[PDB]
Amino acid sequence: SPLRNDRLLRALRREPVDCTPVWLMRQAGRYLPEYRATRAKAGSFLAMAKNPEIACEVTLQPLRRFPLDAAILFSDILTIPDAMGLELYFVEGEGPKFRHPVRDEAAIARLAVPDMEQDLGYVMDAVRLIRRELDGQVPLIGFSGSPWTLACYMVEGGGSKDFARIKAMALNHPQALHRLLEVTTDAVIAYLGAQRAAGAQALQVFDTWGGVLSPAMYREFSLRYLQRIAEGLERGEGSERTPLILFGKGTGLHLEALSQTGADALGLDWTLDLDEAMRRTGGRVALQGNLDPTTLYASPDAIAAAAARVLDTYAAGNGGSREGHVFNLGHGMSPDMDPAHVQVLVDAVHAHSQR
Ligand SMILES: [Cl-]
Ligand SMILES: [Cl-]
């Protein structure tokens, strides 16, 4: 079925649209009662994410309420290292962990690029099912973690406050860490390409933990591999290309370098204003963001005003033009947020940004 709303894709390509598209980080999440109901029946995050029909159900839930301009695949960045044999698990209310963290050269040497349609078939089947169920209503965004951010979880065995283990590896065994990052990057390229082939119409890379690095270490251990993704991932050409989005947080110091990777768009948070982001990226990329999600606790009038502020700040840094912007939050919605205020935000973005 032909895509009937391609606002998102045009904006990511810096092509003119009728109003600014919006989608929201964690738009499938516990702030929706129906998400909580699905989660209680399924039984765990993995019981939803590894079963295509449920991942599809969850992906489509926000679109049953809100006129969002995109769906984002319901999954987790840690599918890739789970498929590589590290055994992802969740302890009730503790965050993701791996049974087999990657701690030595032998563990690094065991890693291989998963067979995407077999080992990660639950992801690809979900992409196909979502694309079929959407039937051209709005585009589907696929995604991956960045190689650096995946490596962080793989070495640490879970989340970390300071990433001491992977940083010690960078200092004491950089050749081993580069080999880990090389195979992980090949996996990310294969994973994103397989999602595109299965039906994903835009692709986002999350470099959640790129900001823990010094400038030199960021260039060597994260940016190098983001560049490899941009160069090595086939996405088509021109007005039909599958857009590539790179997201980072508190990373306004790397916006210049990220804007030169070849990615189409950069996603960012509220720690810098979008006009400054336009200045540092030189007009080379579309920008996605950047509303602080705690705005959704404010009054409806304040939410509408804040959406107008984000939109008008972008335009002021873009020669007065609203084009090349995808409205989004800078961090995912929280479980206690009010769906009414989400609807207020979505309508306000569309209304205020009418061309
Ligand atoms: Cl999301
Ligand atoms: Cl949530």
# chains A, B, ... in the order shown; residues from 1 in each chain; ligands from 1

$ residues_near_ligand --ligand "ligand 1" --cutoff "7 Å" --atoms "only C-alpha atoms and all ligand atoms" --output "PDB file with N, CA and C atoms, in the first residue's frame"
ATOM      1  N   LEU A  24       6.866  10.631  19.257  1.00  0.00           N
ATOM      2  CA  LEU A  24       7.312  10.834  20.635  1.00  0.00           C
ATOM      3  C   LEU A  24       8.078   9.626  21.138  1.00  0.00           C
ATOM      4  N   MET A  25       9.243   9.871  21.728  1.00  0.00           N
ATOM      5  CA  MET A  25      10.029   8.794  22.326  1.00  0.00           C
ATOM      6  C   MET A  25       9.200   8.066  23.373  1.00  0.00           C
ATOM      7  N   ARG A  26       9.191   6.736  23.301  1.00  0.00           N
ATOM      8  CA  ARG A  26       8.427   5.864  24.199  1.00  0.00           C
ATOM      9  C   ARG A  26       6.931   6.127  24.065  1.00  0.00           C
ATOM     10  N   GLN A  27       6.486   6.479  22.852  1.00  0.00           N
ATOM     11  CA  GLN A  27       5.044   6.599  22.639  1.00  0.00           C
ATOM     12  C   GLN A  27       4.304   5.282  22.879  1.00  0.00           C
ATOM     13  N   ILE A  72       7.138   3.788  15.695  1.00  0.00           N
ATOM     14  CA  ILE A  72       8.493   3.294  15.923  1.00  0.00           C
ATOM     15  C   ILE A  72       8.395   1.855  16.400  1.00  0.00           C
ATOM     16  N   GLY A 332      12.255   9.762  26.643  1.00  0.00           N
ATOM     17  CA  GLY A 332      10.976   9.077  26.546  1.00  0.00           C
ATOM     18  C   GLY A 332       9.967   9.489  27.604  1.00  0.00           C
TER      19      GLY A 332
END

$ closest_atom_pairs --of "range 98-141 of chain A" --to "range 171-195 of chain A" --cutoff "6 Å" --atoms "only C-alpha atoms" --output "CSV"
residue,atom,partner,partner_atom,distance
A:108,CA,A:180,CA,5.8
A:113,CA,A:187,CA,4.9
A:124,CA,A:195,CA,6.0

$ residues_near_ligand --ligand "ligand 2" --cutoff "9 Å" --atoms "only C-alpha atoms and all ligand atoms" --output "VMD selection string"
chain A and resid 26 to 32 35 to 36 332 to 335

$ write_last_selection --atoms "N, CA, C and O atoms" --output "mmCIF file, in the first residue's frame"
data_model
loop_
_atom_site.group_PDB
_atom_site.id
_atom_site.type_symbol
_atom_site.label_atom_id
_atom_site.label_comp_id
_atom_site.auth_asym_id
_atom_site.auth_seq_id
_atom_site.Cartn_x
_atom_site.Cartn_y
_atom_site.Cartn_z
ATOM 1 N N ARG A 26 9.191 6.736 23.301
ATOM 2 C CA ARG A 26 8.427 5.864 24.199
ATOM 3 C C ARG A 26 6.931 6.127 24.065
ATOM 4 O O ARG A 26 6.167 5.966 25.020
ATOM 5 N N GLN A 27 6.486 6.479 22.852
ATOM 6 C CA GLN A 27 5.044 6.599 22.639
ATOM 7 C C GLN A 27 4.304 5.282 22.879
ATOM 8 O O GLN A 27 3.110 5.311 23.190
ATOM 9 N N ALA A 28 4.981 4.134 22.774
ATOM 10 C CA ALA A 28 4.478 2.884 23.336
ATOM 11 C C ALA A 28 5.115 2.708 24.706
ATOM 12 O O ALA A 28 6.328 2.483 24.809
ATOM 13 N N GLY A 29 4.314 2.846 25.757
ATOM 14 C CA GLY A 29 4.857 2.772 27.101
ATOM 15 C C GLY A 29 3.756 2.755 28.133
ATOM 16 O O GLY A 29 2.570 2.875 27.816
ATOM 17 N N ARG A 30 4.183 2.630 29.394
ATOM 18 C CA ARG A 30 3.285 2.425 30.517
ATOM 19 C C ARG A 30 2.372 3.605 30.804
ATOM 20 O O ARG A 30 1.428 3.432 31.577
ATOM 21 N N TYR A 31 2.613 4.790 30.239
ATOM 22 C CA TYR A 31 1.638 5.860 30.418
ATOM 23 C C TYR A 31 0.308 5.515 29.758
ATOM 24 O O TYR A 31 -0.705 6.156 30.062
ATOM 25 N N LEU A 32 0.287 4.521 28.865
ATOM 26 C CA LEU A 32 -0.959 4.040 28.272
ATOM 27 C C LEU A 32 -1.526 2.884 29.087
ATOM 28 O O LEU A 32 -0.838 1.862 29.262
ATOM 29 N N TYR A 35 -1.137 -0.401 27.271
ATOM 30 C CA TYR A 35 0.190 -1.000 27.334
ATOM 31 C C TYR A 35 0.332 -1.810 28.606
ATOM 32 O O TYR A 35 0.826 -2.938 28.578
ATOM 33 N N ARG A 36 -0.087 -1.241 29.737
ATOM 34 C CA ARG A 36 0.005 -1.976 30.989
ATOM 35 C C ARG A 36 -0.818 -3.256 30.925
ATOM 36 O O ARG A 36 -0.392 -4.302 31.424
ATOM 37 N N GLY A 332 12.255 9.762 26.643
ATOM 38 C CA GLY A 332 10.976 9.077 26.546
ATOM 39 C C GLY A 332 9.967 9.489 27.604
ATOM 40 O O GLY A 332 10.306 9.960 28.696
ATOM 41 N N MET A 333 8.694 9.280 27.253
ATOM 42 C CA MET A 333 7.658 9.615 28.213
ATOM 43 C C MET A 333 7.710 8.700 29.434
ATOM 44 O O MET A 333 8.219 7.576 29.416
ATOM 45 N N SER A 334 7.222 9.238 30.524
ATOM 46 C CA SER A 334 7.236 8.573 31.814
ATOM 47 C C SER A 334 5.894 7.921 32.109
ATOM 48 O O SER A 334 4.852 8.393 31.640
ATOM 49 N N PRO A 335 5.899 6.866 32.931
ATOM 50 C CA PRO A 335 4.660 6.102 33.160
ATOM 51 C C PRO A 335 3.522 6.902 33.775
ATOM 52 O O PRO A 335 2.357 6.516 33.600
#

$ residues_around --residues "residue 65 in chain A" --least-positions-apart "6" --cutoff "12 Å" --atoms "only C-alpha atoms" --output "PDB file with N, CA and C atoms, in the first residue's frame"
ATOM      1  N   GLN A  27       6.486   6.479  22.852  1.00  0.00           N
ATOM      2  CA  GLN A  27       5.044   6.599  22.639  1.00  0.00           C
ATOM      3  C   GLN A  27       4.304   5.282  22.879  1.00  0.00           C
ATOM      4  N   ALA A  28       4.981   4.134  22.774  1.00  0.00           N
ATOM      5  CA  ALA A  28       4.478   2.884  23.336  1.00  0.00           C
ATOM      6  C   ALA A  28       5.115   2.708  24.706  1.00  0.00           C
ATOM      7  N   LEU A  32       0.287   4.521  28.865  1.00  0.00           N
ATOM      8  CA  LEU A  32      -0.959   4.040  28.272  1.00  0.00           C
ATOM      9  C   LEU A  32      -1.526   2.884  29.087  1.00  0.00           C
ATOM     10  N   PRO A  33      -2.755   2.985  29.591  1.00  0.00           N
ATOM     11  CA  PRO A  33      -3.368   1.833  30.273  1.00  0.00           C
ATOM     12  C   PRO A  33      -3.351   0.565  29.440  1.00  0.00           C
ATOM     13  N   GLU A  34      -3.525   0.682  28.118  1.00  0.00           N
ATOM     14  CA  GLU A  34      -3.581  -0.522  27.298  1.00  0.00           C
ATOM     15  C   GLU A  34      -2.218  -1.177  27.164  1.00  0.00           C
ATOM     16  N   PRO A 339      -2.223  10.826  29.067  1.00  0.00           N
ATOM     17  CA  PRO A 339      -2.514  10.783  27.621  1.00  0.00           C
ATOM     18  C   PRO A 339      -3.244  12.013  27.101  1.00  0.00           C
ATOM     19  N   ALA A 340      -4.088  12.664  27.912  1.00  0.00           N
ATOM     20  CA  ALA A 340      -4.734  13.893  27.456  1.00  0.00           C
ATOM     21  C   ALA A 340      -3.708  14.939  27.055  1.00  0.00           C
ATOM     22  N   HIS A 341      -2.640  15.072  27.844  1.00  0.00           N
ATOM     23  CA  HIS A 341      -1.636  16.083  27.536  1.00  0.00           C
ATOM     24  C   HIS A 341      -0.799  15.698  26.322  1.00  0.00           C
ATOM     25  N   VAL A 342      -0.665  14.401  26.047  1.00  0.00           N
ATOM     26  CA  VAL A 342      -0.036  13.977  24.798  1.00  0.00           C
ATOM     27  C   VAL A 342      -0.862  14.438  23.606  1.00  0.00           C
ATOM     28  N   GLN A 343      -2.183  14.247  23.672  1.00  0.00           N
ATOM     29  CA  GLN A 343      -3.050  14.692  22.585  1.00  0.00           C
ATOM     30  C   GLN A 343      -2.947  16.202  22.401  1.00  0.00           C
ATOM     31  N   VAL A 344      -2.916  16.951  23.510  1.00  0.00           N
ATOM     32  CA  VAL A 344      -2.757  18.404  23.432  1.00  0.00           C
ATOM     33  C   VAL A 344      -1.487  18.754  22.669  1.00  0.00           C
ATOM     34  N   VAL A 346       0.313  16.905  20.495  1.00  0.00           N
ATOM     35  CA  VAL A 346       0.307  16.508  19.085  1.00  0.00           C
ATOM     36  C   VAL A 346      -0.524  17.485  18.258  1.00  0.00           C
ATOM     37  N   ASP A 347      -1.735  17.814  18.737  1.00  0.00           N
ATOM     38  CA  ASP A 347      -2.567  18.785  18.025  1.00  0.00           C
ATOM     39  C   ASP A 347      -1.884  20.142  17.939  1.00  0.00           C
TER      40      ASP A 347
END

$ closest_residue --among "A:261, A:321, A:59, A:313" --to "residue 355 in chain A" --atoms "only C-alpha atoms"
A:321

$ closest_residue --among "A:1, A:214, A:204, A:61" --to "residue 251 in chain A" --atoms "only C-alpha atoms"
A:214

$ select_by_dssp --residues "range 15-207 of chain A" --states "strand (DSSP E)" --output "PyMOL selection string"
chain A and resi 71-72+88-90+96-98+140-145+202-206

$ closest_residue --among "A:237, A:231, A:6, A:275" --to "residue 138 in chain A" --atoms "only C-alpha atoms"
A:6

$ select_by_dssp --residues "range 224-306 of chain A" --states "alpha helix (DSSP H)" --output "ChimeraX atom specification"
/A:224-232,255-258,274-281,300-306
